[PDB]
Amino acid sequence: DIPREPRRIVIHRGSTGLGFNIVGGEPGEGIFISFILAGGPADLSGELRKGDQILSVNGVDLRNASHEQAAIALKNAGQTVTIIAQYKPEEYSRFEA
């Protein structure tokens, strides 16, 4: 199974951006991966999972980021991005209808 400790992942921005969607809310609710595009930069890696919490991007802490703050940071992270992710499906589940 997938590790539950934080994991360092590197994504190369492409035509589809980073190739995943995030869900979140107000600061403190957390930033979670809600969708990964097949064949996109985040699938290619085989490392990221729906339900991963994004703890940081290129050293920018996103633990208490709002959805809007995380979206900005991800878009301004550049062409190559270091994501530190931690698999948290139980916390992610509350966002998924």
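For every residue, the number given is its place in the sequence shown, counted from 1.
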Highest mean C-alpha temperature factor of the two stretches 40-48 and 23-31, which is it?
40-48
Going by the recorded CA B-factors, say which third of the chain residue 55 sits in, lowest, middle or highest.
lowest
Tell me, lowest, middle or highest third: where does the Cα B factor of residue 7 rank within its chain?
lowest
Classify residue 69 as lowest, middle or highest third according to the C-alpha B-factor given in the PDB entry, relative to its own chain.
middle
